[PDB]
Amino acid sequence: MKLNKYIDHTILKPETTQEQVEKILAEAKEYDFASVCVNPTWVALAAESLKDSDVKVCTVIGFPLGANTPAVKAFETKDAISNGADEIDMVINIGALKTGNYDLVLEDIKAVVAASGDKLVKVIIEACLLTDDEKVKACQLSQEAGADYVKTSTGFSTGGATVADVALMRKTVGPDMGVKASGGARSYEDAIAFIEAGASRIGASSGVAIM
């Protein structure tokens, strides 16, 4: 089985300083978390702090609005990986998905996956701006582009993960692609509620959850 290797220890506020990032890295090594999630500007720093641990380095791409061009997303993924990243959470082009531009949405994710290398790629759908049908379509599109995970939220919008959304995403995408619940889960029962819902990973700043 598994235990806390469901947790991505996350710090992403724009005003986050190095000492804060370092306290996050400390906490991550201490409770052997799955990874830390930081903005690109800290990936290098995180890498060198997290070598000699099984704690991977996770960063976010086209974050949190996902309204960058596919080329730019690709170059930022290649740059993050060349800096130490072991995982990539991109934000789907929500505007394109809302227009009906499935071609561009798919081209978008595929550019990131093509620049991925051998690295794990999660696609943030941000379920709170979508209809149920658009959640389904987003998961299908991310999986058609051949990505590794679908993530519910950037935590910078109106809502985070809901159990119903996690379930819908899991029913949609199957049990061989992952689903990360990434919003407003701040306590142990929240985490197990999400895990029992279908979630293989959890994003949060609250590593210290019953633990």
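Residues carry their position along the shown sequence, with the first being 1.
Novice: Look up the CA B-factors in the entry and say which stretch, 185-193 or 13-21, has the higher mean.
Specialist: It is 185-193 that shows the higher mean C-alpha B-factor.
Novice: Please say which third, lowest, middle or highest, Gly174 falls into when its CA temperature factor is compared across its chain.
Specialist: Middle third of the chain for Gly174's C-alpha B-factor.
Novice: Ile81: which third of its chain by C-alpha temperature factor?
Specialist: Highest third, going by the recorded CA B-factors of the chain.
Novice: Quick check on the deposited entry: does the C-alpha B-factor of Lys110 sit in the lowest, middle or highest third of its chain?
Specialist: According to the entry, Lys110 has a C-alpha B-factor in the chain's middle third.
Novice: Mind checking which third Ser53 falls in for C-alpha B-factor across the chain?
Specialist: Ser53: CA B-factor falls in the highest third of its chain.
Novice: C-alpha B factor of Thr158, ranked within the chain: lowest, middle or highest third?
Specialist: It falls in the bottom third of the chain.
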